[PDB]
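Bear in mind that the values in this text are calculations on the coordinates, not laboratory data. With ideal geometry, Cβ positions are generated from the backbone for all residues, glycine too; neighbour counts draw on all protein chains shown.
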Amino acid sequence: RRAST
Amino acid sequence: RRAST
Amino acid sequence: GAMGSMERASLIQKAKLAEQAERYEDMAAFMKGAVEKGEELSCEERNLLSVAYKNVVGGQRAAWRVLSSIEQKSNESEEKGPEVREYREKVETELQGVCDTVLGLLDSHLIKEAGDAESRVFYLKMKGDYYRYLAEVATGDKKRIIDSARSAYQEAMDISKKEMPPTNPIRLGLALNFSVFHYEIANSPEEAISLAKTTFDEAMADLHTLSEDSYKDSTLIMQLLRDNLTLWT
Amino acid sequence: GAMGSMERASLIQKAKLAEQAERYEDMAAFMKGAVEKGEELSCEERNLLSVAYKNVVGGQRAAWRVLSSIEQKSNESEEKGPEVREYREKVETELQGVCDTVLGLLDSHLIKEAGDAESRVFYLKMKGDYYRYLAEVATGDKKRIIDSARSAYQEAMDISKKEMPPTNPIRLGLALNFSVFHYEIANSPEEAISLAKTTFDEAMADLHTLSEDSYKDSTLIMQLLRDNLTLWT
Ligand SMILES: [Cl-]
Ligand SMILES: [Cl-]
Ligand SMILES: [Mg+2]
Ligand SMILES: [Mg+2]
Ligand SMILES: [Mg+2]
Ligand SMILES: [Mg+2]
Ligand SMILES: [Mg+2]
Ligand SMILES: [Mg+2]
């Protein structure tokens, strides 16, 4: 899954 | 840690 | 109750959805609603009830242990004020509330209607389990809480020994947890070890009667007994 | 509010205890109470607020995605009745409630009192983040929700470019999340990729100015930008 902070 | 069900 | 207007089958369906979503507080509320419909629970439904509340109270117990350790260190140390004790007490009260809720469902009226060995032993084991979780945080009627756990476990043991084979997963899991009760709560590690060993050995001798799938079910719990024996000896 | 009678410092102390206990709902309630005292938040306190609500809404979003997938499969299939949609709607409403709560704290009155770049950019990024989480479940004013996220992110970007070095962790994390906004929400994968690459390259060229500890802080977030670029190209 793509990263967010 | 000891097991319980 | 807030679930009074929902169909029993819808509550069970949503409990299963909540499990898939790892929403265990919702799962427990749904199964509480299903129990309060007043009909007995099937094998699968009893499992859903157990899974839901075990996960809810498991989060609370893990949090309580973190906070209790911080509190104990604080009393070894700078005065930080009442906040650590207050917050441990908040988590403890919420935990006791969940145990009281489960014990209330068992007493009104799951146990009294449970006549088959698999249902009755399951509910009595659960009663022992949730009195045990109360005993873990008890510091005052602590002896009566401990004896309530012991009595529920003992009645479950007596029925399981008479009505179930030694490999029955409910009988095995009951013995595992009553052994932990002896070790952790009752200050009886020798009883804990004796129970786990005899339970393991009698199950071992009964495995030859089982199908491949039952063998897998039984050996999984036997491994937990062995894990505890390894930890304790 | 239920925290109105507790000291600001006690609320912050208990938020930190709740984090240690992984009790993020409690953590968020404590930090909500601290914000409502009306004083500005320090760097550490802003982090506690962010950690608390990110974990709470993260559990809700993960659950919503599980239920949404089940619902979509149901519409591909036996009719199971309204329960899947109902329960997805319940989780969705609770999620929207948490986002509205965070956005309410930012609007009353965190953002308007935030004058330093580090506080103002942090709060505006958070505003973009929680409108983005609203956009993830929006199906009706969806365009206005999306534009609210975009506008908050854009104001934060403009300030961060003028007032912060390219390696600043807040600037980096803002760019990471606005890039995800472009990719996932705005249907602008090329903008998402361009932003992540330019952000990474400009940070790379500024690393030589940093201490060892700041280098570690900045490179950690640069790695997340690179991870997304690898996933998307
Ligand atoms: Cl408290
Ligand atoms: Cl529902
Ligand atoms: Mg009915
Ligand atoms: Mg107490
Ligand atoms: Mg001995
Ligand atoms: Mg004061
Ligand atoms: Mg909705
Ligand atoms: Mg292209």
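Inspect the range C:74-94 for any residue being in a helix (DSSP H, G or I) and more than 14 Å from every other protein chain (Cβ to nearest Cβ) and give the result as yes or no.
No, the range C:74-94 contains no residue that is in a helix (DSSP H, G or I) and more than 14 Å from every other protein chain (Cβ to nearest Cβ).
Being among the charged types (D, E, K, R), under 19 Å from the mean Cα position of the chain (by Cα) and away from chain B (no Cβ under 14 Å) is the filter here, so list the residues in the range C:144-200 that pass it.
C:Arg144, C:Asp147, C:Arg150, C:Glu155, C:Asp158
Looking at the range C:202-215, can you tell me whether even one residue there is facing chain B (nearest Cβ under 10 Å) and surrounded by 15 or more Cβ atoms within 10 Å (Cβ to Cβ)?
No; the residues of the range C:202-215 include none that is facing chain B (nearest Cβ under 10 Å) and surrounded by 15 or more Cβ atoms within 10 Å (Cβ to Cβ).
Specify the residue that is farthest from the other protein chains (Cβ to nearest Cβ); the eligible residues are those in the range D:216-231 that are within 18 Å of the chain's Cα centre (by Cα) and surrounded by 15 or more Cβ atoms within 10 Å (Cβ to Cβ).
So the residue we want is D:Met222.
Residue by residue through the range C:37-71, note down the ones that are within 16 Å of ligand 1 (Cβ to nearest atom) and of a type in the set (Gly, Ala, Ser).
C:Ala63, C:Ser68
For the range D:180-233, how many residues meet the condition of being of a type in the set (D, E, K, R) and closer than 26 Å to D:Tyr131 by Cα?
Taking the range D:180-233 and keeping what is of a type in the set (D, E, K, R), we get D:184, D:190-191, D:197, D:201-202, D:206, D:212-213, D:216-217, D:226-227.
Now narrow it down to the ones that are closer than 26 Å to D:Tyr131 by Cα: D:184, D:190-191, D:197, D:226-227.
Adding up the residues that qualify gives 6.
Here is a list: C:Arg23, C:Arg8. Which entry is surrounded by 21 or more Cβ atoms within 10 Å (Cβ to Cβ) and over 18 Å from the mean Cα position of the chain (by Cα)?
Checking each option against the conditions leaves just C:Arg23.
Determine whether the range C:136-149 contains at least one residue that is of a type outside the set (A, V, I, L, M), under 23 Å from C:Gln72 (Cα atoms) and within 16 Å of ligand 1 (Cβ to nearest atom).
The answer is no; no qualifying residue exists.
On the basis of being on the phi < 0 side of the Ramachandran plot, within 16 Å of ligand 6 (Cβ to nearest atom) and crowded, with 17+ Cβ neighbours inside 10 Å, does D:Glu92 make the cut?
No: the conditions fail for D:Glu92.
Considering (1) within 16 Å of ligand 1 (Cβ to nearest atom); (2) away from chain D (no Cβ under 14 Å), say which one C:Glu113 fails and leave the rest.
That leaves (1) as the condition not met.
Only residues in the range D:80-95 that are under 21 Å from D:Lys54 (Cβ atoms) and more than 10 Å from ligand 2 (Cβ to nearest atom) count as the first member; pair them with residues that are hydrophobic (A, V, I, L, M, F, W, C) and not in a loop (DSSP other than H, G, I, E, B), Cβ under 7 angstrom, at least 6 apart or cross-chain, and list the lot.
Within 7 Å, the pairs are D:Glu92/D:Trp64; D:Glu92/D:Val137; D:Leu95/D:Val57; D:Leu95/D:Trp64; D:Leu95/D:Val137.
Give the number of residues within the range D:9-52 that are within 12 Å of chain C (Cβ to nearest Cβ), in a helix (DSSP H, G or I) and charged (D, E, K, R).
Residues in the range D:9-52 being within 12 Å of chain C (Cβ to nearest Cβ), in a helix (DSSP H, G or I) and charged (D, E, K, R): 5 in total.
Is at least one residue of the range C:48-58 in contact with a helix residue (DSSP H, G or I) (Cβ under 9 Å, 6 or more places away or on another chain), over 16 Å from C:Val102 (Cα atoms) and of a type in the set (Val, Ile, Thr)?
Going residue by residue through the range C:48-58, those that are in contact with a helix residue (DSSP H, G or I) (Cβ under 9 Å, 6 or more places away or on another chain) are C:48-58.
Next, only the ones that are over 16 Å from C:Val102 (Cα atoms) stay: none.
No, the range C:48-58 has no match at all.
Inside the range C:24-35, can you point out the residues that are within 16 Å of ligand 2 (Cβ to nearest atom) and within 25 Å of C:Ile170 (Cα to Cα)?
If the condition is that a residue be within 16 Å of ligand 2 (Cβ to nearest atom) and within 25 Å of C:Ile170 (Cα to Cα), then C:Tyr24, C:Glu25, C:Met27, C:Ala28, C:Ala29, C:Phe30, C:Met31, C:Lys32, C:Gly33, C:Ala34 are the ones that fit.
Which of the following residues is surrounded by 14 or more Cβ atoms within 10 Å (Cβ to Cβ) and either farther than 27 Å from C:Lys125 by Cα or acidic (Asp, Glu) (or both): C:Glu79, C:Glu45? Walk me through it before giving the result.
On the way: C:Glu79 fails: surrounded by 14 or more Cβ atoms within 10 Å (Cβ to Cβ).
That would be C:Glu45, the only listed residue that is surrounded by 14 or more Cβ atoms within 10 Å (Cβ to Cβ) and either farther than 27 Å from C:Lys125 by Cα or acidic (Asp, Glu) (or both).
For C:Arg120, work out the one condition from (1) within 16 Å of ligand 4 (Cβ to nearest atom); (2) assigned to a helix (DSSP H, G or I) it doesn't fulfil.
(1)
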